[PDB]
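Only heavy atoms go into these numbers, but all of them, side chains included; no hydrogens, no water, no symmetry mates. Below, chains carry the letters A, B, ... as their sequence lines are ordered, and counting in each starts from 1.
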Amino acid sequence: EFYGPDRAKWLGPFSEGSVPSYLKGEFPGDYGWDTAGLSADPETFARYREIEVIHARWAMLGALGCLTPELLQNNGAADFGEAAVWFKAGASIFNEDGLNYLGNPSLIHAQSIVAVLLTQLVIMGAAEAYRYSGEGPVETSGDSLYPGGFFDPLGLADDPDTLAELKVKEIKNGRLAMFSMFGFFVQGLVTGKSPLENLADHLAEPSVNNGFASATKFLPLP
Amino acid sequence: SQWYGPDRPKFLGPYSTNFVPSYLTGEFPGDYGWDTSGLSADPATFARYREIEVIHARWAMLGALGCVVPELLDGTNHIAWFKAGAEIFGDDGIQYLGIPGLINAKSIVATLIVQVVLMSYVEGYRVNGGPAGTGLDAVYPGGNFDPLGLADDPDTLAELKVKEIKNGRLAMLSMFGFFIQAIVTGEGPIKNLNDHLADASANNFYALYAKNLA
Amino acid sequence: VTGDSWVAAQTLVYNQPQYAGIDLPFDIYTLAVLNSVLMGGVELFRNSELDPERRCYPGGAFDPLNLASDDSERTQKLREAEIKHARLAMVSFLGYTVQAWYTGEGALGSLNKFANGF
Amino acid sequence: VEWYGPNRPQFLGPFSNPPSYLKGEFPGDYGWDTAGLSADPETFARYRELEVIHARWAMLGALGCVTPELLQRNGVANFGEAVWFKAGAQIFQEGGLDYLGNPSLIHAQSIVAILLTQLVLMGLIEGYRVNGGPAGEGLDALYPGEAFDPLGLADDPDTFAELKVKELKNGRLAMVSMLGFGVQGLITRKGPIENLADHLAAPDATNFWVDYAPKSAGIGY
Amino acid sequence: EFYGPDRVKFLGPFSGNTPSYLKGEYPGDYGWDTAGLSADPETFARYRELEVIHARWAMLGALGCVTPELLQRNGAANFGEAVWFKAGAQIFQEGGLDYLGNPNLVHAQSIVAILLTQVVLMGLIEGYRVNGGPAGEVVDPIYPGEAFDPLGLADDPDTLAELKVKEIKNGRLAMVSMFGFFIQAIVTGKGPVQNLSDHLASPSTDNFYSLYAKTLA
Ligand code: CHL
Ligand code: CLA
Ligand SMILES: CC(/C=C/C=C(C)/C=C/[C@@]12O[C@]1(C)C[C@@H](O)CC2(C)C)=C\C=C\C=C(C)\C=C\C=C(C)\C=C\[C@@]12O[C@]1(C)C[C@@H](O)CC2(C)C
Ligand SMILES: CC1=C[C@H](O)CC(C)(C)[C@H]1/C=C/C(C)=C/C=C/C(C)=C/C=C/C=C(C)/C=C/C=C(C)/C=C/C1=C(C)C[C@H](O)CC1(C)C
Ligand SMILES: CC1=C[C@H](O)CC(C)(C)[C@H]1/C=C/C(C)=C/C=C/C(C)=C/C=C/C=C(C)/C=C/C=C(C)/C=C/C1=C(C)C[C@H](O)CC1(C)C
Ligand SMILES: CC1=C[C@H](O)CC(C)(C)[C@H]1/C=C/C(C)=C/C=C/C(C)=C/C=C/C=C(C)/C=C/C=C(C)/C=C/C1=C(C)C[C@H](O)CC1(C)C
Ligand SMILES: CC1=C[C@H](O)CC(C)(C)[C@H]1/C=C/C(C)=C/C=C/C(C)=C\C=C/C=C(C)/C=C/C=C(C)/C=C/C1=C(C)C[C@H](O)CC1(C)C
């Protein structure tokens with residue numbers, strides 16, 4: 001179904017002629033879509049494969065992270081004043097109380113962006129360096145892309161049959177998030193409103209409130 | 001034959017005899033030895049890239065013609081290509097050639113729906129074959145796509161393929177011009193050309209928009 | 001071009017011979033005799049052919065580009081395209097005259113009337 | 001093996017595993033091809049040439065983008081437009097483009113003459129670089145030397161290898177600075193030296209994070 | 001999942017005993033014949049044909065009873081009578097029946113002619129469906145294919161199996177919903193699309209309860 005020769009393809013029925021040879025249904029998410037031929041080389045394909053999973057995982061975290069403050073604000077904590085929207089939350093660091101987690105002054109109460117940058121550089125840098133090093137103090141399980149040992153406390157990667165279907169489930173939920181995050185970015189620039197607000201508008205008047213409502217927004221004017 | 005082999009013309013003129021990528025030998029049309037970057041070193045990517053160029057080419061040639069005709073015809077209100085899409089939202093809608101009753105399109109969603117369904121079938125047929133033809137060249141199927149049999153002679157087909165790519169590359173370059181000229185001048189390509197023709201020393205990029213571009 | 005219906009254009013030109021809004025330098029009486037004579041000569045020339053296939057596909061001066069002057073499959077496909085466009089036009093022009101009888105308008109006029117009828 | 005070989009320095013330092021194709025055989029091999037863009041040996045070769053040519057253009061560009069502004073600030077000379085992203089518009093001013101202000105220098109008046117000469121001059125020059133020309137035919141593409149090494153600072157092979165590393169590292173530093181100048185120019189819309197002056201005056205209230213970052217979404221700047 | 005002995009059942013886990021004749025091998029088999037009406041294999045075959053014909057008509061009817069109402073209240077077009085339980089009355093008007101409200105479409109004026117033409121055309125069509133004719137010869141009385149599958153969506157037998165289930169499932173939902181259309185129309189003189197808007201407007205107050213019901217006594 002999702003592996004082997006007779007796997008799922010990106011063009012459905014009209015995919016036989018669009019399946020690059022090097023794509024033989026071995027890795028997860030091989031719908032046979034490399035028209036450009038970017039992953040022709042075995043080495044280049046491997047590097048892109050790791051990059052895709054890393055992006056997919058960041059995207060998945062991003063999708064929740066770009067909606068959770070807005071959700072709680074609309075109904076819940078209701079404390080992220082203008083910080084509920086993802087593309088207006090980072091500016092909350094320069095607030096009078098600065099960045100308050102859950103909008104609670106007692107939590108974090110950060111008011112120095114430089115410190116945040118330095119803290120992130122050392123934290124993310126070390127973890128990323130370990131990921132690149134392919135080896136670290138924690139259990140690595142001998143797989144740079146899929147380091148199960150320490151990063152999988154629940155042991156859901158125990159049997160390969162679940163692993164094979166879980167790995168395609170990861171990339172497919174991941175690719176959807178990457179596609180949607182790209183959506184968040186574009187929608188944000190064109191509409192200027194929060195992504196969950198854009199949805200409300202589409203439900204309000206689907207024919208009127210859609211992407212073609214803002215069609216003439218960026219028109220070069222003589 | 002002058003367009004193939006090792007004696008073919010090259011993009012750097014005389015200063016290209018000692019500067020030729022190994023993979024570009026003179027087998028495929030439009031070979032001018034311009035592969036300065038490492039792209040297309042592997043034949044698999046090169047074969048994939050060759051098709052994308054012809055596709056981007058045939059599209060550009062259609063686009064270049066279609067971005068000028070409506071602007072050069074009356075009745076269409078000499079609409080600019082970058083301002084044609086908005087017409088669907090006008091009260092009159094899209095009336096081909098300006099003649100009322102022709103299409104009278106007013107729903108952008110309906111137009112996109114038919115385009116997606118029709119183009120998906122068409123693009124699918126172009127990749128995995130279909131009713132028009134099966135087991136034919138991916139970029140040069142011929143048959144139903146060559147009704148006038150203009151390329152029956154292999155020799156003629158070779159020179160004609162050189163003509164197709166060279167016209168396409170010119171169209172691709174000029175289409176890129178249409179994109180930038182519109183984003184800078186804000187006027188249609190024909191209007192920009194007419195302005196230059198009138199007062200070239202005054203109406204050009206440098207004397208009009210170059211200063212405000214920074 | 002003129003904005004006049006194809007049915008109404010018949011009488012308009014009869015009253016004032018004209019083409020593309022340009023008055024022709026010929027009274028309708030001479031044009032009427034000319035049309036009959038010209039078409040008479042043309043059709044007599046066509047009837048001279050004795051080959052049944054060549055009466056339908058003369059070729060020669062009528063196929064200057066030599067598109068279907070052979071027996072190839074391209075000739076067969078081209079002839080298949082001709083009759084299809086021919087049968088479509090026959091039915092379509094039957095539409096023109098029936099629509100002009102019923103609705104009163106011409107081709108473009110019927111199209112506009114239908115769009116506004118909604 | 002200080003710069004070339006297996007004990008060469010890496011872009012991540014201690015936590016670094018070099019790609020197989022990167023074997024410290026060329027200058028500036030800090031083993032950084034995480035995207036696998038130079039896996040193909042032919043693509044790698046062409047990419048190395050682009051890097052050296054880009055680095056040399058950037059080194060000239062970085063020096064040339066600040067020199068008029070440094071002279072204007074210190075009052076050494078008055079230019080029609082000292083800021084780098086505005087020097088091109090000098091040709092459209094009243095007296096044309098005068099080098100270092102002095103009307104007797106160059107005194108260019110028409111952009112068409114500048115454009116056409118540059119096409120002819122650079123067209124021949126770049127043709128000589130790839131196909132060889134008056135300076136010599138058959139010399140290294142990236143390191144021709146000969147006429148382009150009059151001082152002979154590359155006669156010693158060992159020094160030439162180490163100096164090639166210095167060229168790339170200054171060049172890579174120049175390329176990063178050029179991108180910085182462009183981004184800073186597009187945001188601050190002020191010359192690079194001016195941006196530095198402001199930072200030195202109040203480094204805590206002039207940084208991008210404090211002046212533009214908070215206005216990069218919803219509130220324009 | 002939908003065929004064989006392990007097929008899903010209408011009562012879920014609680015299905016337990018199922019009719020012996022009601023095995024797999026047929027689309028839409030959920031093991032529901034508690035009335036035991038298809039015990040005879042001959043009658044079971046007939047009932048299977050009746051279900052798919054009632055289902056196909058229901059799908060057409062469900063889509064056909066909602067579209068003129070949707071277009072009328074969406075501003076897409078102006079009909080004489082958008083609501084399905086009144087569209088028949090359009091023939092008894094000044095302008096007769098005009099498709100999409102356009103006087104230059106169909107423009108019917110005589111209910112007889114409408115009735116006569118339907119009887120002749122439907123009679124021949126139904127006769128062709130039971131004895132073959134211009135569209136094709138009869139092989140499966142409910143799944144002809146050939147001229148009736150020009151797009152070839154069911155060329156592969158595996159897809160044909162799963163697709164038949166989709167039709168009976170979608171069909172059955174149409175039959176239930178179309179049965180609702182009949183009742184909702186009698187209980188509420190408003191069209192079915194109007195009912196949906198009212199339920200969305202105030203579901204607590206606008207529903208079969210807090211309205212009608214008590215009137216039905
Ligand atoms: C459009 C008007 C325009 C004007 C008025 C000038 C004016 C000038 N340009 Mg200039 N330029 C102009 C446009 C342009 N220039 C240039 C590019 C240059 C360059 C590259 C140079 C100049 C130079 C000069 C100066 C040389 C005079 C000098 O100091 O002589 C000093 C004395 C001499 C040079 C020797 C005597 C010269 C005199 C002509 C004697 C020769 C007479 C001959 C017998 C006649 C010619 C044919 C003979 C040789 C067979 C001068 C003030 C030069 C400069 O800045 O020098 C300081 C210089 O090098 N321009 C370009 C871009 C291509 C232009 C575009 O429009
Ligand atoms: C990739 C190529 C490309 C693309 C994407 C487009 C896209 C578009 N074109 Mg275009 N065009 C192209 C190539 C292209 N064109 C080329 C190469 C030409 C030169 C022949 C034209 C000439 C052209 C004209 C003249 C017009 C457009 C128009 C349009 C816009 C609407 C088209 C439409 O109404 O539906 C699709 C069009 C059809 C399905 C054609 C219908 C068949 C026609 C109507 C019958 C022929 C005329 C008929 C005999 C008239 C009867 C009365 C008459 C005798 C007086 C649209 C954005 C219209 C517009 O208003 O721009 C905004 C417009 O009027 N195009
Ligand atoms: C192609 C496409 C969808 C393809 C669907 C496919 C393949 C189907 C999926 C299935 O396979 C599954 C999953 C399962 C299979 O068993 C069955 C099928 C059914 C086959 C969507 C396009 C959808 C494309 C859409 C809707 C695009 C809208 C674009 C807009 C609004 C643009 C607006 C503007 O661009 C302007 C005009 C000017 C700019 O300046 C400003 C902005 C605002 C950016
Ligand atoms: C060779 C080489 C070598 C080395 O190695 C490297 C390098 C250098 C990189 C390379 C190069 C490359 C290049 C040059 C590229 C380019 C491209 C392009 C420009 C394309 C276009 C492209 C373009 C195109 C397609 C175009 C298209 C268009 C179209 C369809 C149109 C459409 C339309 C019309 C009609 C009209 C209306 O009103 C509007 C619309 C609707 C819109
Ligand atoms: C290694 C790696 C690995 C993995 O795998 C992947 C990846 C990541 C991708 C990679 C990376 C890469 C990178 C980093 C890149 C960068 C680039 C750049 C930035 C360049 C610049 C570049 C830049 C440059 C050249 C610059 C140039 C400039 C110049 C000439 C100048 C000019 C001028 C002057 C003087 C002055 C005036 O007033 C103006 C003008 C006249 C204009
Ligand atoms: C399984 C079981 C087992 C054991 O045996 C027990 C029992 C219980 C017996 C069984 C069950 C059964 C059932 C459930 C049944 C149901 C049925 C139905 C409801 C049908 C419908 C059915 C329904 C249907 C067809 C429908 C159809 C419809 C139609 C045609 C419509 C038409 C129309 C339109 C469009 C519109 C207009 O305006 C009007 C009209 C003209 C009128
Ligand atoms: C397959 C194919 C084939 C052929 O051959 C070629 C080609 C075409 C090239 C290919 C394609 C590819 C693609 C499609 C790609 C895409 C990508 C994307 C869209 C994304 C990523 C990637 C993406 C991503 C990661 C995303 C990310 C995001 C994130 C993290 C988030 C962040 C955030 C948060 C949390 C919160 C706050 O408040 C805000 C922020 C800060 C903002």
Side-chain angles (χ1 to χ4, degrees), chain A residues 1-2 6 8 12-13 161 165, chain E residues 1-66 122-123 125-133 135-187 192 208:
Chain A
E1 232 284 351
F2 297 106
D6 47 359
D161 302 18
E165 66 164 325
Chain E
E1 183 183 7
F2 297 94
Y3 292 104
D6 56 339
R7 86 205 81 97
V8 294
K9 305 295 180 57
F10 84 108
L11 219 56
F14 300 102
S15 310
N17 178 34
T18 58
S20 54
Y21 51 83
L22 215 53
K23 60 208 65 175
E25 309 160 352
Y26 296 120
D29 191 292
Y30 282 73
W32 176 22
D33 195 8
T34 61
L37 262 41
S38 57
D40 193 309
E42 182 71 13
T43 308
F44 181 42
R46 268 66 188 273
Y47 280 174
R48 274 190 276 100
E49 299 192 358
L50 287 163
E51 189 180 23
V52 181
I53 299 305
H54 262 71
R56 285 167 178 175
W57 278 105
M59 282 179 290
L60 288 176
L63 188 53
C65 292
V66 176
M122 288 273 88
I125 278 187
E126 296 276 62
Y128 294 150
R129 178 176 58 90
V130 299
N131 200 9
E137 212 74 11
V138 277
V139 177
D140 299 19
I142 52 186
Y143 298 112
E146 307 293 341
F148 291 96
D149 196 10
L151 203 42
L153 302 187
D155 200 3
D156 162 67
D158 311 8
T159 51
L160 177 54
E162 63 168 359
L163 269 175
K164 290 162 141 60
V165 196
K166 288 147 167 302
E167 190 178 26
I168 203 60
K169 290 258 298 277
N170 281 257
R172 286 161 177 172
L173 173 55
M175 278 184 289
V176 178
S177 60
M178 190 64 199
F179 180 78
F181 288 174
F182 293 135
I183 310 305
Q184 300 196 189
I186 303 179
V187 172
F208 176 55

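Listed by chain and residue number, E/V187, E/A213, E/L216 satisfy the side-chain contact (heavy atoms from CB on, under 4.5 Å) test with E/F208 (two or more places apart in sequence, or in another chain). Here E/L63 pairs with E/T67 under the side-chain contact (heavy atoms from CB on, under 4.5 Å) rule; sequence neighbours left out. E/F10 is linked by a ring pair (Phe, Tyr, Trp, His ring centres under 6.0 Å) to E/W32, counting only residues two or more places apart in sequence or in another chain. For E/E126, the salt bridge (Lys or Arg N to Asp or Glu O under 4.0 Å) partners two or more places apart in sequence, or in a different chain, are E/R129. For E/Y21, the side-chain hydrogen bond (donor to acceptor under 3.5 Å, both in side chains) test picks out E/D33, with sequence neighbours left out. Scored by the salt bridge (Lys or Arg N to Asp or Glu O under 4.0 Å) test, E/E42 finds E/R46 as partners (sequence neighbours excluded).
Within the structure, salt bridge (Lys or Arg N to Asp or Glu O under 4.0 Å) pairs that include any residue of residues 3-22 of chain E comprise E/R7-E/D29 (at least two apart or interchain). Identified under the ring pair (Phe, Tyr, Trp, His ring centres under 6.0 Å) test for residues 35-65 of chain E, with sequence neighbours left out: E/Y26-E/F44.
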Scan the side chains in residues 166-176 of chain E for donor-acceptor partners under 3.5 Å anywhere in the protein, sequence neighbours excluded, and list what turns up.
from   : atom 1 : to     : atom 2 : distance (Å)
E/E167 : OE1    : E/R56  : NH2    : 3.2
E/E167 : OE2    : E/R56  : NE     : 2.6
E/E167 : OE2    : E/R56  : NH2    : 3.3
E/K169 : NZ     : E/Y30  : OH     : 3.2
E/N170 : ND2    : E/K166 : O      : 2.7
E/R172 : NE     : E/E51  : OE2    : 2.9
E/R172 : NH1    : E/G28  : O      : 2.7
E/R172 : NH2    : E/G28  : O      : 2.5
E/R172 : NH2    : E/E51  : OE2    : 3.2

Mind listing the side-chain donor-acceptor pairs of residues 142-157 of chain E below 3.5 Å, one per line with the distance, residues two or more places apart or on another chain?
from   : atom 1 : to     : atom 2 : distance (Å)
E/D149 : OD1    : E/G152 : N      : 3.3
E/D149 : OD1    : E/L153 : N      : 3.4
E/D149 : OD2    : E/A154 : N      : 3.2
E/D156 : OD2    : E/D158 : N      : 3.2
E/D156 : OD2    : E/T159 : N      : 2.7
E/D156 : OD2    : E/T159 : OG1    : 3.2

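In this structure, the separation between CG on E/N17 and CG on E/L11 is 11.0 Å, given to the nearest 0.5 Å.
Scanning all heavy atoms of the two residues, the minimum distance from E/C65 to E/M178 falls at SG-CE, 3.6 Å.
Side chains of E/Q184 and E/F179 form no contact here, defined as non-hydrogen atoms less than 4.5 Å apart.
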